[PDB]
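Below you'll find only one chain, the form deposited in one PDB entry, shown as structure tokens.
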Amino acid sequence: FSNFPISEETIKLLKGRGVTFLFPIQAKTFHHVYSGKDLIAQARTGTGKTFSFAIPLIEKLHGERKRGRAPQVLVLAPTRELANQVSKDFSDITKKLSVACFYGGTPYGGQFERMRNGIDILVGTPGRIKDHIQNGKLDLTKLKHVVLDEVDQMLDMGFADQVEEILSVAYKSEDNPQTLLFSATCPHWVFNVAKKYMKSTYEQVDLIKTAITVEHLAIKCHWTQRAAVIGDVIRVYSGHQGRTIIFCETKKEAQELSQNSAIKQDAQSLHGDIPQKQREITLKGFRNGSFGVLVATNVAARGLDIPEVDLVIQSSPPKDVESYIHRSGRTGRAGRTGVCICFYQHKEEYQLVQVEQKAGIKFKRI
């Protein structure tokens, strides 16, 4: 987070959660939130998605304690489970601000005490929040930020009407709260909300090829932690009905990685020690969406008819840089920018520099 508008204290708290970086798509959300802009972001459930809004909002508030104070931030989540995770993430990176979590199927007593004592960041489900507005205990007239998290799930559950009622209280045109909308897909209801509640100058973060062509990222990671980071990149960059190829050197690396719990459910391997008939079947299956993650060695990948994919991952810097560039060309479906990730170890640091010289390319070192 060097030259990121985050305090040293916050960076130390993030380290305590094993957060040492934000993926570029998350890093882009940070700047839009930090700059005060209204936003529609496209990302699914993840650790870094919550931090994309939590870190810049917390920094803002820390810069800006009366008993019974009204919240400054409202985060609506569709379930008790999701609300509890968002609240915990805020609470883990701020020891200064009062963080509260309000959901249904629970008594009012504890929630009443939080409101009596004062709240800075309020996380909750629409039903319970609406109830507290109605009973006159919750003040949403002093909000500065509103986050509508997992709008897809929220709408699927039938909350659209209740969310519209809640927003109608906080957005009574000038000096309205900063509005942040998050989802994995962008339904009709998302832009209908933006058209009414959001400023005409609202931003969008979704990976559609906006004069970039192809992203080349570099991740410094010890081999023992690579599988957890690989799952995280797929969750962040690839989506539902997503195509991802992971390239390895050794057949054991590809086999073990495909068998590894991080992606075991969605992954399938392709190496020399697999019969040709099965290698044929498996590639055909990948093409016709039987599974979403193909873990193949760089050897078996030579000459193999690979389709257009969302994300290309390298376990270590590529020795055949020529093949790496060809695969970059065959990345980025449905008008979206292609993501090319290269994992490297401290010992493989110069090995990644060779790729850059040989290809005449610059990796976003994250």
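We call the rigid core the largest set of C-alpha positions that still match within 1.5 Å between the two forms. Residue numbers here begin at 1 and follow the sequence given. Shifts are known only where both forms have a C-alpha.
Quick note: we don't show the form deposited with a small molecule bound, though the next part is all about it.
Partner proximity in the entry with it bound, defined as non-hydrogen atoms within 4.5 angstroms of the small molecule, places exactly one of 313-321, 337-345, 65-73, 45-53 at the interface: 45-53.
Contact annotation: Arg17 falls within 4.5 Å of the small molecule in the entry with it bound, judged by heavy atom distances. Proximity of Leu352 to the small molecule in the entry with it bound: non-hydrogen atoms within 4.5 Å are absent; the residue sits far from the partner. By the criterion of a heavy atom within 4.5 Å, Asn298 is excluded from the residues contacting the small molecule in the entry with it bound. At a distance threshold of 4.5 angstroms between non-hydrogen atoms, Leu22 is in contact with the small molecule in the entry with it bound. With the two forms fitted on their core, the C-alpha shifts between the shown form and the other one stay under 2 Å for all of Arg114, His145, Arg279, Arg128 except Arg279.
Remark: with the core as the superposition reference, the CA shift of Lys252 between the shown form and the other one reaches 2 Å or more.
With the core superposed, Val321 shows a C-alpha displacement of at least 2 Å between the shown form and the other one. When two forms of a protein are overlaid on their rigid core, residues whose CA moves 2 Å or more are considered shifted, and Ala301 is one of them between the shown form and the other one. 24-26, 44-48, 213-366 are the runs of three or more consecutive shared residues whose C-alphas all shift by 2 Å or more between the shown form and the other one after the rigid core is superposed.
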